[PDB]
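Undergrad: Have a look at this one before I ask anything.
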Amino acid sequence: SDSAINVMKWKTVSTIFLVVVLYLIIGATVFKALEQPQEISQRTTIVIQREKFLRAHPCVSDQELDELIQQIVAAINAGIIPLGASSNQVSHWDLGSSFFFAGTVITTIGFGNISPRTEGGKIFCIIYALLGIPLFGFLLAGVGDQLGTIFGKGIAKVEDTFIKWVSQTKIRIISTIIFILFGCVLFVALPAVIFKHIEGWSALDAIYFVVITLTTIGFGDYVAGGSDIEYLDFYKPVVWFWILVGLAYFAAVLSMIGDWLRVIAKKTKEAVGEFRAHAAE
Amino acid sequence: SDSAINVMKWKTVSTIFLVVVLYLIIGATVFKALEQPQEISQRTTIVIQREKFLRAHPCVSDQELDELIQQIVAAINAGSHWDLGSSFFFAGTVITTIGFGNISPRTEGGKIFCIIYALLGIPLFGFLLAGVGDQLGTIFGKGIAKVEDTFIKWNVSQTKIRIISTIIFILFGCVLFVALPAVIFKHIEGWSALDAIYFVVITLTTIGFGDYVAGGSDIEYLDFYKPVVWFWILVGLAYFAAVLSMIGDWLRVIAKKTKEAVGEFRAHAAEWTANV
Ligand SMILES: CS(=O)(=O)Nc1ccc(C(=O)NCc2ccc(Cl)cc2Cl)cc1
Ligand SMILES: CS(=O)(=O)Nc1ccc(C(=O)NCc2ccc(Cl)cc2Cl)cc1
Ligand SMILES: CCCCCCCCCCCCCCCC
Ligand SMILES: CCCCCCCCCCCCCCCC
Ligand SMILES: CCCCCCCCCCCC
Ligand SMILES: CCCCCCCCCCCC
Ligand SMILES: CCCCCCCCCC
Ligand SMILES: CCCCCCCC
Ligand SMILES: CCCCCCCC
Ligand SMILES: CCCCCCCC
Ligand SMILES: CCCCCCCC
Ligand SMILES: CCCCC
Ligand SMILES: CCCCC
Ligand SMILES: CCCCC
Ligand SMILES: [K+]
Ligand SMILES: [K+]
Ligand SMILES: [K+]
Ligand SMILES: [K+]
Ligand SMILES: [K+]
């Protein structure tokens, strides 16, 4: 009965699909609740700034002012500092910043502050990604293993001394607390602190940046290394290492969260099974 | 000997690490080769536009121009972006981890929710994309039963015909999830042929720079378009997940082969040099 299990499978995929549809709608409405207000205040007050300089200089043709801004915003995506007081500039595609970019491709973070303009750069980026991504995978997989076997020796010692007057599958609960507790210190708390100090971001922004980057979402609204500050270059390498090990960590963490849902889902599926079966007496 | 296998493992991780380091350096140098030129041409010609705009409108003094650009850079950090739909789109960029980021949260609350929404969303989406995988896999599973019947009752038989199947997967696959959608994008968005395919690959690999985004400009869109892209993403992401996984396995193989080919090169360099 091969098609008997296939009918069961399509029934599962579909309910999850609808759960995910529903999840997007909830999310959609909570984001627009949160962001539509500040957007409206900032759009009224940017038209306030506009009319102050629109009529304060009528001798500018005035259909060309919105065309000027289009030439600035188009050119900001390639990354420019168009000013008289700072017309000498650093490079976006120097030795290092192209090494950084290559990293955003293979990890699939893809911040995208810097991205290829040349038709060749795009064609190479496509080739570089398709071979790079799988390749990086194996490293991040091995970075997983090692870091796993490190914490494997770390729980042998702590599941020896906590052998008091002891269940097997309940000491699993105490281990996974030590994974999340120490884990959020090493790959989230401590690095966010460093970022707060070095970059000059808010406490929230750092942790946000940590999570957005290590989940490989990589908006790129904040980027470590991104501004022209000073930089120790003890710094930037330490971040490469952080990324290597942080991405490993979040891969597990997300995988745990995944399994918790599996469980929560059985429970809630059989709780509805109960709710129907009693349905008022 | 438990530490005997651990030393083997760290030896594996390291060579891969150095391969990946080396891969970034090659890549680094090919990107800078490619992009440092266009950067220099665009920086000269943006200072040409700057000094041209003082002269072509002398009404503007040099001191108000630097104040204007500060109000544009201020306004670049904001930009409706968060309408009914575009917040649904955003939520999608979070869970798929494409994360284009054309639209991103500014409010301290939006960031805090985004963190919570991502950590529970990402794993959840995974299961769907996993199931979308299965089904699409079992569809093409019936599709190869029929085509491995009519071609396996005659010419050159087994162990080479696996090579012909995986060509049919990639050939048809690149039509449905790369060629055909890029065409539609060329027509609808008005991108170049290259840009479409670039956008397809950048998005379906979940890299998601966001230098191009389907739906992103303020054009008349047909109500039918944007949903059809949601579906494409759902099934395209599934496809590329396998494709990347294949590419991964090819490397596994290429790596054994190249490891034993060096094993050969050494072994003759040996018993050609013992020959005195
Ligand atoms: C805007 S810029 O391109 O001109 N400036 C730079 C920006 C960032 C970096 C860099 O390497 N940061 C650490 C890092 C490393 C690897 C990965 Cl995947 C992610 C991260 Cl955050 C370097 C230069
Ligand atoms: C400045 S804007 O944000 O308002 N413009 C938009 C940009 C995109 C969309 C949209 O729905 N695109 C289809 C789509 C769906 C889900 C995912 Cl993950 C990716 C994609 Cl490309 C809508 C508006
Ligand atoms: C296991 C219970 C569910 C929630 C556990 C949350 C702990 C991890 C959060 C990491 C954020 C750092 C705290 C903020 C310090 C300024
Ligand atoms: C100084 C400002 C610090 C702000 C700390 C707020 C961070 C809270 C993050 C929420 C943790 C989510 C855990 C549950 C996910 C399953
Ligand atoms: C010891 C591991 C060797 C693996 C090297 C694989 C190199 C892949 C190059 C891809 C050619 C386009
Ligand atoms: C990008 C690198 C292309 C392949 C380079 C060859 C790998 C050398 C290490 C193999 C030793 C077994
Ligand atoms: C600009 C400094 C970056 C040096 C990189 C060193 C570690 C790379 C590991 C992939
Ligand atoms: C976060 C809301 C999910 C609701 C799911 C309902 C499935 C029976
Ligand atoms: C002192 C050890 C450093 C911890 C690794 C993460 C650093 C950003
Ligand atoms: C070299 C033995 C394997 C463990 C090494 C960890 C080094 C950070
Ligand atoms: C099999 C083709 C479906 C996706 C094409 C439309 C996406 C732009
Ligand atoms: C047109 C340049 C091609 C780079 C591989
Ligand atoms: C919020 C989840 C509801 C599942 C029945
Ligand atoms: C707007 C969501 C529809 C997905 C097919
Ligand atoms: K921008
Ligand atoms: K991204
Ligand atoms: K991005
Ligand atoms: K990603
Ligand atoms: K991404």
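As shown in the structure tokens, the chain order sets the letters A, B, ...; within each chain, residues go from 1, and ligands are also counted from 1 in the order they appear.
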Write down as an MDAnalysis selection string the residues of region 123-280 of chain A whose backbone DSSP state falls under alpha helix (DSSP H).

TA: chainID A and resid 123:161 168:184 190:199 203:214 235:278

Undergrad: Mind checking which residues fall within 7 Å of residue 217 (chain A), counting only C-alpha atoms, ignoring those fewer than 5 positions away in the same chain, and posting them as a short mmCIF file (atom, residue, chain, number, x, y, z; two decimals) with C-alpha atoms, in the first residue's frame?

TA:
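selection-v4.cif, freshly written:
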```
data_model
loop_
_atom_site.label_atom_id
_atom_site.label_comp_id
_atom_site.auth_asym_id
_atom_site.auth_seq_id
_atom_site.Cartn_x
_atom_site.Cartn_y
_atom_site.Cartn_z
CA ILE A 109 23.66 35.51 4.88
CA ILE A 212 19.49 38.29 11.87
CA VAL B 94 12.08 36.34 7.44
CA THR B 97 15.71 33.47 5.31
CA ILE B 98 16.03 35.04 1.88
CA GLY B 99 15.90 38.34 3.78
#
```

Undergrad: Considering only C-alpha atoms and all ligand atoms, can you say which of A:232, A:214, A:206, A:263 comes closest to ligand 4?

TA: A:206

Undergrad: Quick check: residues of chain A within 7 Å of chain B, only C-alpha atoms, returned as JSON, numbers by chain.

TA: {"A": [13, 16, 17, 20, 24, 25, 27, 28, 31, 32, 34, 35, 36, 59, 60, 82, 83, 93, 94, 95, 98, 99, 102, 103, 105, 108, 109, 110, 111, 112, 116, 118, 120, 121, 122, 126, 130, 131, 134, 135, 136, 139, 142, 143, 208, 211, 216, 217, 218, 219, 220, 254, 255, 257, 258]}

Undergrad: Which is closest to ligand 8 among A:63, A:1, A:6, A:12, if we use only C-alpha atoms and all ligand atoms?

TA: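 The answer is A:12, which sits nearest to ligand 8.
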
Undergrad: Per residue of chain A within 12 Å of ligand 9, which atom pair is closest and at what distance in Å (one decimal), using only C-alpha atoms and all ligand atoms, listed by chain and increasing number, as a Markdown table?

TA:
```
| residue | atom | partner | partner_atom_place_in_ligand_line | distance |
| --- | --- | --- | --- | --- |
| A:182 | CA | ligand 9 | 4 (C) | 11.5 |
| A:183 | CA | ligand 9 | 6 (C) | 10.7 |
| A:184 | CA | ligand 9 | 6 (C) | 11.0 |
| A:185 | CA | ligand 9 | 6 (C) | 9.3 |
| A:186 | CA | ligand 9 | 6 (C) | 5.9 |
| A:187 | CA | ligand 9 | 6 (C) | 6.2 |
| A:188 | CA | ligand 9 | 6 (C) | 8.8 |
| A:189 | CA | ligand 9 | 8 (C) | 9.6 |
| A:190 | CA | ligand 9 | 8 (C) | 6.9 |
| A:191 | CA | ligand 9 | 8 (C) | 4.7 |
| A:192 | CA | ligand 9 | 8 (C) | 8.4 |
| A:193 | CA | ligand 9 | 8 (C) | 9.3 |
| A:194 | CA | ligand 9 | 8 (C) | 7.4 |
| A:195 | CA | ligand 9 | 8 (C) | 8.9 |
| A:198 | CA | ligand 9 | 8 (C) | 11.7 |
| A:210 | CA | ligand 9 | 8 (C) | 10.7 |
| A:224 | CA | ligand 9 | 8 (C) | 11.4 |
| A:234 | CA | ligand 9 | 8 (C) | 10.7 |
| A:235 | CA | ligand 9 | 8 (C) | 8.5 |
| A:236 | CA | ligand 9 | 8 (C) | 9.6 |
| A:237 | CA | ligand 9 | 8 (C) | 9.4 |
| A:238 | CA | ligand 9 | 8 (C) | 5.7 |
| A:239 | CA | ligand 9 | 8 (C) | 5.8 |
| A:240 | CA | ligand 9 | 8 (C) | 8.7 |
| A:241 | CA | ligand 9 | 6 (C) | 7.2 |
| A:242 | CA | ligand 9 | 8 (C) | 5.0 |
| A:243 | CA | ligand 9 | 8 (C) | 8.5 |
| A:244 | CA | ligand 9 | 6 (C) | 9.9 |
| A:245 | CA | ligand 9 | 6 (C) | 8.1 |
| A:246 | CA | ligand 9 | 6 (C) | 8.2 |
| A:247 | CA | ligand 9 | 6 (C) | 11.8 |
| A:249 | CA | ligand 9 | 6 (C) | 11.8 |
```

Undergrad: Which is closest to ligand 19 among A:78, A:106, A:125, A:253, if we use only C-alpha atoms and all ligand atoms?

TA: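 Once distances to ligand 19 are computed over only C-alpha atoms and all ligand atoms, the minimum belongs to A:106.
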
Undergrad: So which residues touch region 170-172 of chain A within 8 Å, counting only C-alpha atoms, skipping near sequence neighbours fewer than 4 positions away, as a list in words?

TA: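 The neighbour list is residues 159, 166 and 176 of chain A.
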
Undergrad: Could you take the residues named above and write them with N, CA and C atoms, as a compact mmCIF listing (two decimals), in the first residue's frame?

TA:
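Final output, selection-v5.txt:
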```txt
# COMPACT_ATOMS: atom_id res chain seq x y z
N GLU A 159 27.32 15.16 34.01
CA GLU A 159 26.38 14.04 34.26
C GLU A 159 27.01 12.90 35.10
N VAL A 166 18.15 9.71 40.56
CA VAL A 166 18.59 10.01 39.19
C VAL A 166 17.91 9.19 38.08
N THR A 176 20.27 20.08 28.13
CA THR A 176 19.79 21.03 27.11
C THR A 176 19.54 22.46 27.64
```

Undergrad: What separation in Å, quoted to one decimal, exists between CA of residue 148 (chain B) and CA of residue 172 (chain B)?

TA: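 Between CA of residue 148 (chain B) and CA of residue 172 (chain B) the gap is 15.5 Å.
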
Undergrad: When the cut-off is 7 Å and you count only C-alpha atoms and all ligand atoms, which residues lie near ligand 8, shown as a ChimeraX atom specification?

TA: /A:19,22-23

Undergrad: What does the structure give for the distance between atom 11 (C, counted along the ligand's line) of ligand 5 and CA of residue 254 (chain B), in Å to one decimal?

TA: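 Distance reported for this atom pair: 8.8 Å.
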
Undergrad: Enter the distance from CA of residue 180 (chain B) to atom 5 (C, counted along the ligand's line) of ligand 11, in Å, rounded to one decimal.

TA: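 Separation of CA of residue 180 (chain B) and atom 5 (C, counted along the ligand's line) of ligand 11: 5.9 Å.
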
Undergrad: Give me, as a list in words, the set of residues whose atoms come within 10 Å of any atom of ligand 13, counting only C-alpha atoms and all ligand atoms.

TA: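 Result of the 10 Å neighbour search around ligand 13: residues 19, 22, 23, 264, 265, 267, 268, 269, 271 and 272 of chain A.
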
Undergrad: Please identify the residues whose atoms come within 6 Å of ligand 11, using only C-alpha atoms and all ligand atoms, and report them as an MDAnalysis selection string.

TA: chainID B and resid 176 180:181 184 228:229 232

Undergrad: Could you save those same residues with N, CA, C and O atoms as an mmCIF file, in the first residue's frame?

TA:
```cif
data_model
loop_
_atom_site.group_PDB
_atom_site.id
_atom_site.type_symbol
_atom_site.label_atom_id
_atom_site.label_comp_id
_atom_site.auth_asym_id
_atom_site.auth_seq_id
_atom_site.Cartn_x
_atom_site.Cartn_y
_atom_site.Cartn_z
ATOM 1 N N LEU B 176 11.549 24.925 -15.511
ATOM 2 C CA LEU B 176 10.387 25.227 -14.657
ATOM 3 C C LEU B 176 10.649 26.275 -13.565
ATOM 4 O O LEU B 176 9.785 27.107 -13.266
ATOM 5 N N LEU B 180 11.674 29.643 -17.413
ATOM 6 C CA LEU B 180 10.314 30.156 -17.557
ATOM 7 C C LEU B 180 10.030 31.336 -16.592
ATOM 8 O O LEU B 180 9.488 32.358 -17.037
ATOM 9 N N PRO B 181 10.417 31.220 -15.287
ATOM 10 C CA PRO B 181 10.162 32.358 -14.387
ATOM 11 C C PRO B 181 10.981 33.599 -14.719
ATOM 12 O O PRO B 181 10.463 34.710 -14.618
ATOM 13 N N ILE B 184 9.280 35.472 -17.521
ATOM 14 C CA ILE B 184 8.151 36.238 -16.971
ATOM 15 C C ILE B 184 8.657 37.509 -16.279
ATOM 16 O O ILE B 184 8.106 38.594 -16.503
ATOM 17 N N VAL B 228 1.497 34.170 -7.775
ATOM 18 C CA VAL B 228 2.233 33.156 -8.557
ATOM 19 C C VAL B 228 3.730 33.090 -8.190
ATOM 20 O O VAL B 228 4.340 32.014 -8.246
ATOM 21 N N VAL B 229 4.306 34.219 -7.788
ATOM 22 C CA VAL B 229 5.689 34.236 -7.310
ATOM 23 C C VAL B 229 5.815 33.550 -5.930
ATOM 24 O O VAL B 229 6.779 32.822 -5.704
ATOM 25 N N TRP B 232 5.961 30.004 -6.767
ATOM 26 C CA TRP B 232 7.273 29.752 -7.361
ATOM 27 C C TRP B 232 8.338 29.597 -6.273
ATOM 28 O O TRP B 232 9.052 28.604 -6.280
#
```

Undergrad: Write out as a PyMOL selection string which residues come within 7 Å of residue 186 (chain B) when counting only C-alpha atoms, dropping same-chain ones fewer than 6 positions away.

TA: chain B and resi 192-193+196

Undergrad: Could you write out that same residue set with C-alpha atoms as an mmCIF file, in the first residue's frame?

TA:
```cif
data_model
loop_
_atom_site.group_PDB
_atom_site.id
_atom_site.type_symbol
_atom_site.label_atom_id
_atom_site.label_comp_id
_atom_site.auth_asym_id
_atom_site.auth_seq_id
_atom_site.Cartn_x
_atom_site.Cartn_y
_atom_site.Cartn_z
ATOM 1 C CA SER B 192 17.642 42.229 -18.382
ATOM 2 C CA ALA B 193 17.765 38.522 -19.299
ATOM 3 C CA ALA B 196 16.298 37.772 -14.034
#
```
